[PDB]
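Reading through the structure tokens given below for one structure.
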Amino acid sequence: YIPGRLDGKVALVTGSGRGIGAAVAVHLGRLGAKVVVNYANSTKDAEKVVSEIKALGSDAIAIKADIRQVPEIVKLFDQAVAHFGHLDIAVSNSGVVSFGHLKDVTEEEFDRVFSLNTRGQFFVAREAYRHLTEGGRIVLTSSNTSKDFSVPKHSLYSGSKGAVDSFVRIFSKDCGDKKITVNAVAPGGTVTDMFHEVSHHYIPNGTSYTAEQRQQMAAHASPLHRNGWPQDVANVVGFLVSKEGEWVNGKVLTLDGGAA
Amino acid sequence: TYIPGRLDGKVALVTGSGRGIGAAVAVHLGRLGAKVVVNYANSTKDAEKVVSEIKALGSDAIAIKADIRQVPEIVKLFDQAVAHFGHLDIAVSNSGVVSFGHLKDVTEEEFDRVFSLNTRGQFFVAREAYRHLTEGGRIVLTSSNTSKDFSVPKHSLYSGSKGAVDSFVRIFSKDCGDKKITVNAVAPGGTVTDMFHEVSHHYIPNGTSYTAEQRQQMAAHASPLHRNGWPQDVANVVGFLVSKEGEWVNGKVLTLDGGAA
Ligand SMILES: NC(=O)c1ccc[n+]([C@@H]2O[C@H](COP(=O)([O-])OP(=O)(O)OC[C@H]3O[C@@H](n4cnc5c(N)ncnc54)[C@H](OP(=O)(O)O)[C@@H]3O)[C@@H](O)[C@H]2O)c1
Ligand SMILES: NC(=O)c1ccc[n+]([C@@H]2O[C@H](COP(=O)([O-])OP(=O)(O)OC[C@H]3O[C@@H](n4cnc5c(N)ncnc54)[C@H](OP(=O)(O)O)[C@@H]3O)[C@@H](O)[C@H]2O)c1
Ligand SMILES: O=c1oc2cc(O)ccc2c2oc3cc(O)ccc3c12
Ligand SMILES: O=c1oc2cc(O)ccc2c2oc3cc(O)ccc3c12
């Protein structure tokens, strides 16, 4: 046995075909876990994440499921178990970002965001509890903007992750009857497609800076003068879902390099 | 003739104000001098009583029916409030439902039942308030002590529903600043209403085997003050937040539990 390792464990990561999810999947594979890789759209990217987990000497499978659909989350979890035999770790990572002044937010934009970020995560957790083995791990995904960072025109997304914060604290109470811990990672600005999507909204007059200048300014948010990377979030998920991480339970961990 | 804390000339709207916390708020704002729009979805008779209560103490009020789950009915409610009284200054989002269940048992339908009102509803109330309200207005949403300060088994859905409200109001205050509107939430603990008696047993270790009175007595011991929370206690705080003097409290969630936390 090796401390911090996941030899003989089976894990599932939602939206692990790219971004943070991809780094989490690969890292769980590096730690010894067999991995179910979930995507909605990024097939080739998911097959590529599968390849890397195998390349490290583990096993992985790619399963297409749209996390907005609860019948699909159920089917995803059923198929995970039927393939690997059991499931120990579930990481809810899939999410979308949004910007808009309160006055312009539509019914459709609200639903687009909450169906995935909140409702989706809520039922990934449900299916995880239902399918997991005794002593398992569930990790959901929040945001530094949930509680720790206040950005104009960012109310919908912030709120969607605020629910997740309350969710995991109470989930830990219910999930304890199967000795399962429930936590959330709350990343700050982490360099992925999402970062490039909305970095201009996190900076005063963001439009008047290049993409690279915005990345450099984001790097100075942290007193460590660097950006957050998907590996940083992976590193923490790795510890949370290890035997050693058990006493962290029902907590939300903000991962912004000390920006807050 | 300006008295600090009063709301003469002001027009207020409280969702779900036919009964419960919202009725006390609506009545209270009326006592402070505001003209009030009393909202209901089902309690017609009780809404009429609130209207009458507000008229008997020297103010004016109207009862408007609107399901707060329906966004086009929120739009209409706000359109009618401004239409009837001339302008709108204060909006209190109060309408909510409680829910209990172990995570493993929570259905899509129950999820949607709770979130469409407690969260989505409150979100779009806030939106219609910003669109209709006057410069220097006030917006109060309703969170809960369970969102963040109190942790109860089998209570994840409801807790999260209000945890969303907590982040909403903080950011709302940023957007709403350009109309000089303040946005806050009140997060009550155990407050004696229909909702309270309906679920007090889910908050106490096998509260099934205590009476309804006994459970209220036990909730009273949560506060170091040794009494329950009442709708008037929330009304008292909302009353300050929406006054002139409460302006510097902005983008905040005020837990109102008599110091239980
Ligand atoms: N990046 C940041 O700075 C940052 C900061 C705070 C919080 N977060 C949170 O971190 C999580 C991941 O963010 P990211 O940076 O990896 O974003 P990203 O690079 O845009 O990736 C989003 C991921 O979500 C998946 N996804 C989207 N819709 C889905 C659906 N309907 N069903 C299943 N999966 C779906 C995507 O998969 P497909 O491409 O296959 O659709 C993709 O794998 C999100 O919850 C985000 O809110 C990110
Ligand atoms: N009581 C507590 O200990 C406590 C604690 C924490 C938070 N809260 C929150 O405080 C708020 C009020 O609580 P309460 O104790 O007064 O609840 P309550 O006694 O059950 O009253 C519910 C109120 O919401 C209205 N309502 C319900 N569904 C509605 C809808 N679809 N559209 C518009 N209005 C609707 C009801 O009016 P109709 O009868 O006409 O439907 C009624 O006026 C809620 O947000 C609740 O979550 C209460
Ligand atoms: O904290 C953040 O959270 C984010 C979350 C996202 O999903 C995307 C981008 C960011 C992001 O860009 C920034 C730029 C800055 O100069 C300072 C902070 C941030 C910041
Ligand atoms: O904090 C509370 O919030 C509530 C909210 C409701 O809607 C109904 C009941 C309660 C309630 O009952 C209790 C009994 C106790 O012994 C201690 C705390 C509470 C408590």
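Chain labels follow the order of the structure tokens: the first chain is A, the next B, and so on; residue numbering restarts at 1 in every chain, and ligands are counted from 1 in their shown order.
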Test item: residues at most 10 Å from residue 120 of chain B, only C-alpha atoms, excluding those fewer than 6 positions along its chain, as a ChimeraX atom specification
/A:107,110-111,114,156 /B:68-71,112,114,126,161,164-165
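In the backbone-derived DSSP annotation, strand (DSSP E or B) within segment 22-205 of chain B comprises residues 35, 36, 37, 38, 39, 40, 61, 62, 63, 64, 65, 90, 91, 92, 138, 139, 140, 141, 142, 182, 183, 184, 185, 186, 187, 188 and 191 of chain B.
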Using only C-alpha atoms and all ligand atoms, find each protein or nucleic acid residue lying at most 6 Å from ligand 4; present the set as a ChimeraX atom specification.
/B:189-190,195-196,199-200,203-204,218-219,222
Let's see if you can do this: from backbone DSSP, list all alpha helix (DSSP H) residues in segment 3-139 of chain B, as a ChimeraX atom specification.
/B:21-31,44-56,71-85,108-115,122-132
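As for atom CA of residue 104 of chain A and atom 17 (C, counted along the ligand's line) of ligand 3, they are spaced 23.9 Å apart.
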Neighbours of ligand 1 at 7 Å or closer, counting only C-alpha atoms and all ligand atoms: which residues, as a ChimeraX atom specification?
/A:14-21,38-43,65-68,93-97,116-117,141-144,186-195
Those residues you just picked out, can you put them in a file as a short mmCIF file (atom, residue, chain, number, x, y, z; two decimals), in the first residue's frame with N, CA and C atoms?
data_model
loop_
_atom_site.label_atom_id
_atom_site.label_comp_id
_atom_site.auth_asym_id
_atom_site.auth_seq_id
_atom_site.Cartn_x
_atom_site.Cartn_y
_atom_site.Cartn_z
N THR A 14 -17.26 13.63 -14.18
CA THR A 14 -18.16 14.20 -15.18
C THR A 14 -17.44 15.30 -15.95
N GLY A 15 -17.68 15.34 -17.26
CA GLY A 15 -17.03 16.31 -18.14
C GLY A 15 -15.52 16.26 -18.05
N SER A 16 -14.96 15.05 -18.14
CA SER A 16 -13.52 14.86 -18.02
C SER A 16 -12.81 14.76 -19.37
N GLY A 17 -13.53 15.07 -20.44
CA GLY A 17 -12.94 15.10 -21.77
C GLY A 17 -12.00 16.27 -22.02
N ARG A 18 -12.11 17.33 -21.21
CA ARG A 18 -11.25 18.51 -21.36
C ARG A 18 -11.24 19.37 -20.09
N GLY A 19 -10.38 20.39 -20.07
CA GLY A 19 -10.28 21.34 -18.96
C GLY A 19 -9.86 20.71 -17.65
N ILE A 20 -10.43 21.21 -16.55
CA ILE A 20 -10.16 20.71 -15.20
C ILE A 20 -10.49 19.23 -15.06
N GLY A 21 -11.66 18.83 -15.56
CA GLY A 21 -12.13 17.44 -15.50
C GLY A 21 -11.11 16.48 -16.08
N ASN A 38 -16.38 10.81 -18.51
CA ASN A 38 -17.64 11.32 -19.06
C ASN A 38 -17.49 12.61 -19.86
N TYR A 39 -18.25 12.69 -20.95
CA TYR A 39 -18.30 13.85 -21.82
C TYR A 39 -19.71 13.96 -22.36
N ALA A 40 -20.07 15.15 -22.85
CA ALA A 40 -21.33 15.31 -23.57
C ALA A 40 -21.13 15.47 -25.08
N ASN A 41 -20.01 16.11 -25.46
CA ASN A 41 -19.75 16.52 -26.84
C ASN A 41 -18.34 16.22 -27.33
N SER A 42 -17.37 16.27 -26.42
CA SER A 42 -15.96 16.12 -26.77
C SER A 42 -15.48 14.67 -26.85
N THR A 43 -15.90 13.96 -27.89
CA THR A 43 -15.62 12.53 -28.06
C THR A 43 -14.12 12.24 -28.15
N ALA A 65 -22.65 10.94 -21.83
CA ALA A 65 -23.91 11.25 -21.14
C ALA A 65 -24.05 12.76 -20.90
N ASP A 66 -25.23 13.28 -21.21
CA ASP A 66 -25.57 14.69 -21.00
C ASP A 66 -26.05 14.89 -19.57
N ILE A 67 -25.21 15.53 -18.76
CA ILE A 67 -25.46 15.62 -17.31
C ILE A 67 -26.69 16.47 -16.94
N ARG A 68 -27.24 17.21 -17.91
CA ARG A 68 -28.51 17.92 -17.71
C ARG A 68 -29.69 16.97 -17.58
N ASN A 93 -17.86 17.55 -12.03
CA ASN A 93 -17.01 18.62 -12.54
C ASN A 93 -17.66 19.45 -13.64
N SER A 94 -18.45 18.81 -14.49
CA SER A 94 -19.17 19.50 -15.57
C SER A 94 -19.85 20.77 -15.10
N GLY A 95 -19.68 21.83 -15.88
CA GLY A 95 -20.26 23.13 -15.58
C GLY A 95 -20.14 24.08 -16.76
N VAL A 96 -20.97 25.13 -16.75
CA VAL A 96 -20.89 26.22 -17.72
C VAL A 96 -20.90 27.56 -16.99
N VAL A 97 -20.31 28.57 -17.62
CA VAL A 97 -20.19 29.90 -17.03
C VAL A 97 -21.14 30.88 -17.72
N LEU A 116 -27.38 22.41 -15.39
CA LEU A 116 -26.09 21.72 -15.33
C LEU A 116 -25.36 21.91 -14.01
N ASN A 117 -25.11 23.17 -13.64
CA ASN A 117 -24.27 23.52 -12.48
C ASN A 117 -24.86 23.13 -11.13
N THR A 141 -18.17 20.55 -7.58
CA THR A 141 -17.38 21.70 -8.00
C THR A 141 -18.10 23.03 -7.77
N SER A 142 -17.48 23.89 -6.98
CA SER A 142 -18.02 25.22 -6.74
C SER A 142 -17.18 26.27 -7.47
N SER A 143 -16.97 27.41 -6.82
CA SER A 143 -16.34 28.56 -7.44
C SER A 143 -15.86 29.49 -6.34
N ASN A 144 -14.75 30.19 -6.56
CA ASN A 144 -14.36 31.27 -5.66
C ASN A 144 -15.37 32.42 -5.69
N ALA A 186 -13.51 24.63 -4.84
CA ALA A 186 -13.93 25.90 -5.41
C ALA A 186 -12.73 26.62 -6.05
N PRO A 187 -12.46 26.33 -7.33
CA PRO A 187 -11.32 26.97 -7.99
C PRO A 187 -11.53 28.48 -8.21
N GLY A 188 -10.42 29.21 -8.27
CA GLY A 188 -10.42 30.56 -8.80
C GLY A 188 -10.10 30.47 -10.28
N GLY A 189 -9.63 31.57 -10.86
CA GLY A 189 -9.24 31.59 -12.26
C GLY A 189 -8.24 30.50 -12.61
N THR A 190 -8.72 29.48 -13.33
CA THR A 190 -7.92 28.34 -13.74
C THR A 190 -7.87 28.30 -15.27
N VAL A 191 -6.68 28.15 -15.83
CA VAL A 191 -6.49 28.28 -17.28
C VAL A 191 -7.04 27.08 -18.06
N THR A 192 -8.21 27.30 -18.66
CA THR A 192 -8.92 26.34 -19.51
C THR A 192 -9.71 27.16 -20.52
N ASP A 193 -10.49 26.49 -21.37
CA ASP A 193 -11.41 27.17 -22.29
C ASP A 193 -12.38 28.13 -21.57
N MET A 194 -12.83 27.77 -20.37
CA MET A 194 -13.70 28.66 -19.60
C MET A 194 -13.01 29.96 -19.26
N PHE A 195 -11.73 29.87 -18.90
CA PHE A 195 -10.94 31.04 -18.57
C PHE A 195 -10.95 32.03 -19.73
#
